[PDB]
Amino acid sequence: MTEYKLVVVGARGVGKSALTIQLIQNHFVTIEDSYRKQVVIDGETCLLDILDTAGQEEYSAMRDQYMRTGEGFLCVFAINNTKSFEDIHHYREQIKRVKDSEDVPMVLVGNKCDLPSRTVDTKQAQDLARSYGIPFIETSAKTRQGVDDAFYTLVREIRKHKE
């Protein structure tokens, strides 16, 4: 059994903790912590190590190498927060810096897809995720909509990256 360290990056209040809480416990509800769950993906039992990033922003040698350990990243934004979509670029810059590679298994995630007033169109996120060469998935931490899809597709990106 191989382990897959997954990191969840994003802006404040986009549902980074809420996404992990459903993937771990199927139990939708508060600090930077790491969670582990054994799941079967593509008929293959593997261990998931989810680190929900949180707190103030910091670029220390501690925090850099802590993010370096992750094998794949979820870049999460809220569809009703325009800033969270236009912030995705900065998270990808730092991911590519600490991993020291322009090809890192990543996936753009649009959460909070259960609210009526969306301010970020789906076309904007498809044109952005195409420029990064990464998959895009609309999720909802309230209804489990694509919560398995968002996490499982990243594991396929890491298994593809294996050279």
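Quick note: we count residues from 1 along the sequence shown, nothing fancier.
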*For the stretch from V29 to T30, please bin the deposited residues that the model skips: none, 1 to 3, 4 to 9, or 10 or more.*
4 to 9
*Between 57-65 and 112-120, point out the one with the higher average CA B-factor as the PDB entry records it.*
112-120
_Tell me which stretch, 13-21 or 139-147, has the higher mean Cα B-factor listed in the entry._
139-147
_Highest recorded C-alpha temperature factor, please, choosing from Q94, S101, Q126, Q38._
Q126
*Lowest, middle or highest third - CA B-factor, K160*: middle
*Thinking about Cα B factors across the chain, which third does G43 belong to?*
highest
